[PDB]
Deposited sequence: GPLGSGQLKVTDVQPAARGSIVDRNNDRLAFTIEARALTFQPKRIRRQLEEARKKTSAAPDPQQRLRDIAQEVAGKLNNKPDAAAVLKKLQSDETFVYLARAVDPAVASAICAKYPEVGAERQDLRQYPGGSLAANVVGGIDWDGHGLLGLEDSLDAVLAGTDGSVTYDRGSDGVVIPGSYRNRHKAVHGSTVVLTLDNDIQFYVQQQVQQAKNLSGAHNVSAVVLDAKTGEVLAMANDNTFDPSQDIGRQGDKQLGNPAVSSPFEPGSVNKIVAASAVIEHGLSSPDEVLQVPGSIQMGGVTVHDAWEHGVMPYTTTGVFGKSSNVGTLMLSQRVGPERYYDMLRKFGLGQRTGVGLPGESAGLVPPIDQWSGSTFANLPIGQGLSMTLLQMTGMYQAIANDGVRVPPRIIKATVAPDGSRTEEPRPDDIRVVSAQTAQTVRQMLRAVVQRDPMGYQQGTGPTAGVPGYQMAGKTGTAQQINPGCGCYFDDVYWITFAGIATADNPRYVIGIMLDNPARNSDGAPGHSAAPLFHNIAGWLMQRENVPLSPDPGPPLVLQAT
């Protein structure tokens, strides 16, 4: 009497299969969910329950699309539609592996990474370490990551948030990359005292140097030019505090205190990335806006669906959001090249020189945010979220890469320190090689971070 719907498959952007059903035997007919890549993108894909319906991930959030409706004899069975993700399996595989070995080499509690297409915001890779294997019983995998922290688990961003301040001082004509500043080693602001990660007297940092060296004091002085209203407006325009609508279950909205609830010290904290939280995806989406000439395209992982006949419907594109002018975006892309600039004299070196890839105008920003002590209601002194976000490349944005390390003892590559810059180096360099993207013989002249 019953005519069963055949579950749809989940494939990547080139129709490479992530999950698909085969017919088998034991009721007697029994359909088996196949996961050829095992753990590949399982944080996104999810896994099957006993009855062949989704248990978690997109298998469950898109179950109705994937499961179809059973027929009867008279009503025809509607077989499940196929879901085409924006993921590129080759990129996801490389990224997911690097993320696992960044966690191993650095001693972090977790490591995650997101790769966006610069112009379109599509999610080309989304990975975390320790990813469960959906071809195996979930109940034996309590020691595994069963979910998708890149969208579900916000953190305080620290210094990667400085893109907002930088975008606001440029867009509002309030400063320029080459402006020579005078930056003390500390200031009192909003009732509190803010210090730079190194002690120094008044330093002739350019605006380029404030972000390339990640001066908190410098960021805040430039932020006083913007004011709370214009800065809070730029936060909101950058997408923070609000879900992206990427199409993944369990997405968090993060957390931005609204301006009418600020305390006297909120403005002293937000421009340096403390006092607010965001997801890795929101973090990478901020850099997507800048990569896309100031136009933010909310990220999306569902590319299209194919009906049982074979007809394809593309997913509807989200509307553009104008965060900053194209001129502003280009100027911020170029400033951020200072973060990867190397200088043996130290003077004109940014915080993330290991992130540069020679022959390419790489551009990014490091961060080191303090985590909250759960048994205190106060910040740890030596527990951090490490964070990197970058664009490949400044002069021709193709890829946006966002990385977070949960409190590593070492670099992502195992060298001493605490930086995520080596992992951006690995992934961005590999993305350029595999597309045979051409080098550039001249990098331009070095950027000036520090005047006289």
Taking the deposited sequence from residue 1, the uncovered stretches are 1 to 11, 38 to 119, 167 to 183
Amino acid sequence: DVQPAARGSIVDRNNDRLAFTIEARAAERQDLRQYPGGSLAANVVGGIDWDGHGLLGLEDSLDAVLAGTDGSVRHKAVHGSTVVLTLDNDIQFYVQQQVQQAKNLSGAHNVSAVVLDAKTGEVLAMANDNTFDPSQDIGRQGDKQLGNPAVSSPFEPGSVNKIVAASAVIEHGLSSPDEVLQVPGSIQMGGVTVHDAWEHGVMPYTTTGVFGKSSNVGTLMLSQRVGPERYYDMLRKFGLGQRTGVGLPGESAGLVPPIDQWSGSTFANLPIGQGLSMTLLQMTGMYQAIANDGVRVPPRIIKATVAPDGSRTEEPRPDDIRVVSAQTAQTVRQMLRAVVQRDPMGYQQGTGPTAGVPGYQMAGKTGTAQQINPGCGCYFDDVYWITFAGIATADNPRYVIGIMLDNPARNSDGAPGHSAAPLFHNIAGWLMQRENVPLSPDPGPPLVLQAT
From here on, numbers count along this sequence of modelled residues.
(message) Counting only other entries where the flanking residues are modelled, do a third or more lack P438?
(response) no
Comparing 290 to 298 with 189 to 197, the higher average Cα temperature factor in the PDB entry belongs to 189 to 197
For 279 to 287 versus 133 to 141, entry-based mean Cα B-factors point to 133 to 141
Comparing C-alpha B-factors across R230, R333, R322, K162 in this entry, the winner is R230
Looking only at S265, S175, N148, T244, the Cα with the top B-factor belongs to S265
Here the Cα B-factor of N43, set against its chain, lands in the third termed middle
By the entry's values, the third containing the CA B factor of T393 is the lowest
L255: C-alpha B-factor third of its chain, per the entry, is the middle
Split the chain's modelled residues into thirds by Cα B-factor; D70 lands in the highest
By the entry's values, the third containing the CA B factor of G107 is the lowest
